[PDB]
Amino acid sequence: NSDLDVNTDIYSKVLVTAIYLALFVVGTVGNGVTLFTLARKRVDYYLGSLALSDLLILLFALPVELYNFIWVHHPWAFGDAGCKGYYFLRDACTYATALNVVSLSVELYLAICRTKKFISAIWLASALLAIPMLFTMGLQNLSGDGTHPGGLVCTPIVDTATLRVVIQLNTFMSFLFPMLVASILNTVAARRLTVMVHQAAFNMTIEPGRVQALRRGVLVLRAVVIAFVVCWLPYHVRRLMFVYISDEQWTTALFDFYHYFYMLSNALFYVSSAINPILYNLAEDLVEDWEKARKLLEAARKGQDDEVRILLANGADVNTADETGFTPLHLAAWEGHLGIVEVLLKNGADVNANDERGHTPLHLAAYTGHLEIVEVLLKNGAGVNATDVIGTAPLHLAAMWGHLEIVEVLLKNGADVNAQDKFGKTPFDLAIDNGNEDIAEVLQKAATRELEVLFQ
Amino acid sequence: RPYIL
């Protein structure tokens, strides 16, 4: 049946077979272990679908395709079921994949500005959109006489105009539309964050854990969109070609080019399936870091030395922050956890971290009257004369709230006795306003000592 | 014209 022969060289097929087997043995294992691991252990519901659609594609489509579309172009060896089935399955699984990707972008965006049911809607809608493949594809005998058994081939059973509509809509619905929508959400999400980073930078010393996580989420989701554009554009271009050249432009050269482009287009297609477990690992590590950062902020407040040292050892960011810009060391200083202040300083917590209101840990230790925390913060080189947005120094707070011992150690660590806030009030002024005579006296003698120095 | 899509 010479008319139906492809004439791709043997090596070409052997090379694609080597590549297909590579993608299959690694991709199946990869996507299998991804599901198996979620079964064992919100975002996970999404990564399950993606892992499942790819596993279904690599397990059922790729072996069938390697046989009847790479090696043996005729006849079709899987019946009108296998024909309509292969195409239905593929359309379903890509649709499922594409819609999940839109969900992740939507979910990320909403975070930056029930689920188990939502997943099932995605899959069922994937079955719906894929049904037109059950009516367009089928077996036909294109052999010379019109009855030769070796000319039985799986191929469109409708006219070109009909096939143009399904394929153009398929190109729209499964590829262009959802990937554009994701690109738009990806870009807005990114933009919204980038101003958060500037605003945080303007005030804080450290931007929050929630931002650092969503920031890294934008980059991965961007990579996945770029990944599909590359892996899916050739494929769709090849299927438009099939229904955009009529019959009277199809030269023997253009016929040969198509079956090579088919090997290449469908190599790249299966590559998206085999890369998915990378996205899974990136997303999961991004999520695990956030939870550890979150768990470490609870532990620092609650004063749980054990949980802290487990989280720090297992890689938790010592200098993570909340929306306020509160680090673990801020929380430990504030809650009066001397032991936790010391473990956080050992593991390199920033001693001069500023929150939104420009409060260092020393500010919070000097406000709440923890002499031993003040002493340890200062031992590790805290800013004695660090001033908040109001121009309040730690010595202001110590003097205002009557922490004489803190005043004395602050003074002897080089505190400016004469520091003034926005409203020009000195520690001494604050000491008197509230009625701390012993402090006010210590301060005024310090003030006097400095006068003497000027006049000699 | 090809027959495989």
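We count from 1, first residue shown onward.
According to its header, this structure was worked out by X-ray crystallography, 2.6 Å.
Cβ coordinates are placed from backbone N, Cα and C, and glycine is handled just like the others.
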**Prompt:** In Swiss-Prot, A:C154 is listed as disulfide-bonded to which of the following: A:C83, A:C231?
**Reply:** A:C83
**Item:** Interval of 8 unresolved-in-model residues, reported as the Cα distance (Å) from A:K41 through to A:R42
**Value:** 12
**Message:** List every residue in the same chain as A:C154 (disulfide bond), at least 6 positions away in sequence, whose Cβ is under 8 Å from its Cβ.
**Reply:** A:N68, A:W76, A:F78, A:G82, A:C83, A:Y86, A:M137, A:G138, A:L139
**Prompt:** Including all protein chains shown, what's the count of other C-beta atoms within 10 A of the C-beta of A:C83 (disulfide bond)?
**Reply:** 23
**Prompt:** Should A:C154 (disulfide bond) be counted as helix, strand, or coil on the basis of DSSP?
**Reply:** strand
**Fill in**
Using DSSP three-state counts, the residues of the linker (A:283-291) come to 9 helix, 0 strand, 0 coil
**Fill in**
For the deposited structure, the Cα atoms bordering the 12-residue gap, namely those of A:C113 and A:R114, are apart by a whole number of Å, specifically 20
